[PDB]
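First, one chain by itself: the form deposited in one PDB entry, in structure tokens.
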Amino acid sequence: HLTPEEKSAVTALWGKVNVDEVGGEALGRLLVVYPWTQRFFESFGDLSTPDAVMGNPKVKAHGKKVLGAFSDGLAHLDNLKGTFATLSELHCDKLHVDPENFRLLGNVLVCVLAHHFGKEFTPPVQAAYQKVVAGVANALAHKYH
């Protein structure tokens, strides 16, 4: 569970995030760093190089959708399973996304926040975000069956 200080730390940093920018960046980096994750995005067009993935408008669009949902979930840190249940069911039942992808995206997101905020993304802040991304990934995998 996050402590009160950790919750505040997450909230404070996130207030400085450009969710569409960070989303586009985290999803693109997911596709570059862990390229097997491109299997869900064969209809997205050019994914041939790191620059093409990062600049792909459909990758960017999907990133803003995914991170906007993540973003909205930060308001329900004590009800992550409830918040993401229907999205968990969808990801399992219709999209067939292996829940490890949620963990991978979480780790890329942390790397992006570190890149973006530099020294402000301190060890304690990171520790707090690790609980958040673990918690979101666990929530998204919770309804898999």
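Quick note: we count residues from 1 along the sequence shown, nothing fancier. Definition used throughout: the rigid core is the maximal C-alpha set that superposes within 1.5 Å between two forms.
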Of 35-43 vs 102-110, the stretch with the larger average CA B-factor in the entry is 35-43
Of 79-87 vs 66-74, the stretch with the larger average CA B-factor in the entry is 79-87
Would you mind ranking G118 by its C-alpha B-factor against the rest of the chain and naming the third, lowest, middle or highest?
-> lowest
Chain-relative CA temperature factor third for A141 | middle
In terms of its chain's C-alpha B-factors, the third that includes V10 is the middle
Can you work out whether the C-alpha temperature factor of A134 puts it in the lowest, middle or highest third of the chain?
-> highest
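There is another form of this protein, the form deposited in another entry, and it is not shown here; the text below is about that form.
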Overlay on the rigid core first, then point out the one of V32, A69, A114, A52 whose CA is displaced 2 Å or more between the shown form and the other one.
-> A69
Under a superposition restricted to the rigid core, does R103 display a Cα displacement of 2 angstroms or more between the shown form and the other one?
-> no
Hey, does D78 budge by 2 Å or more at the Cα between the shown form and the other one once the core is superposed?
-> yes
So the Cα-Cα distance between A114 and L80 shifts by 3 Å or more in that other deposited form; is it shorter or longer than what we see here?
-> farther
What happens to the Cα distance from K131 to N79 in that other deposited form: does it get closer or farther than here, with a change of 3 angstroms or more?
-> farther
